[PDB]
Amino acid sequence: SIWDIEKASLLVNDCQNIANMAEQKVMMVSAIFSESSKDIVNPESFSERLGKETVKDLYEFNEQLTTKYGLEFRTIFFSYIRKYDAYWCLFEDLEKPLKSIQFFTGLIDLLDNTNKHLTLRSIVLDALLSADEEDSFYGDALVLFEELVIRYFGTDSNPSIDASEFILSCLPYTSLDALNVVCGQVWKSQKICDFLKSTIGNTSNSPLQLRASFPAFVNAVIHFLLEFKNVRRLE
């Protein structure tokens, strides 16, 4: 996929500002989650507690973000930005506010009552693709990845899909091979793709669906988006 260069260019201009409104809604959603960390039993409950108007506003801000700035895969891809020179130059300075925008796109995806969490899937895979650097922040991404896998295949209204489709449908890349072209060291070195294809195969075969509790899921998501937020991804 090609990120519209004009729209991405607009994002450079409105970056710090959209980032600010973004961190507003994060602090809200996160504060509201702090009150009810045991009554929020599922995304739908997260929704009711937030309020329709808060929710409606949440989706409208995400809509403008998505349409105006060309984010076809719903969020920001640091692997993509690091890979393609034109985008690197455009964004190399703006890593801090980019992390904020992505956080927002991650957090509100917790509201997806289909449990597909396409945006969280994107963010986790992007993290997995980005890391060459020595980190155990990787480990956390693998774990969160297995949870998203449970959440997807544990919901019986979600169609059976291959590991390939599960991975690529949320990435601005066209094939599994292509991922080898844009990834960091860890992806190739630890044969990460095979681990994911394995995990995905076993989770949809297993009668055990040891899904985590939502408030624990949410807390792990918030935690993970926070670690990400103090990591230097752009080279």
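For every residue, the number given is its place in the sequence shown, counted from 1.
Between 201 to 209 and 178 to 186, which has the larger average Cα B-factor in the PDB entry?
-> In the deposited entry, the stretch with the higher C-alpha B-factor mean is 201 to 209.
Higher-scoring stretch by recorded Cα B factor average, 110 to 118 or 85 to 93 | Here the higher of the two C-alpha B-factor means belongs to 85 to 93.
Between 72, 165, 134, 146, let me know which has the highest C-alpha B-factor in the entry?
-> It is 134.
When you compare the CA B-factors of 11, 225, 218, 22 as listed in the entry, which one comes out on top?
-> Among 11, 225, 218, 22, the highest C-alpha B-factor in the entry belongs to 22.
Name the third of the chain's ranked CA B-factors that contains residue 33, choosing lowest, middle or highest.
-> Its C-alpha B-factor belongs to the highest third of this chain's values.
Place residue 54 in the lowest, middle or highest third of its chain's C-alpha B-factors, as listed in the PDB entry.
-> CA B-factor rank for residue 54: highest third.
Among the chain's modelled residues, which third holds the C-alpha B-factor of residue 66?
-> Answer is middle: the recorded C-alpha B-factor places it there.
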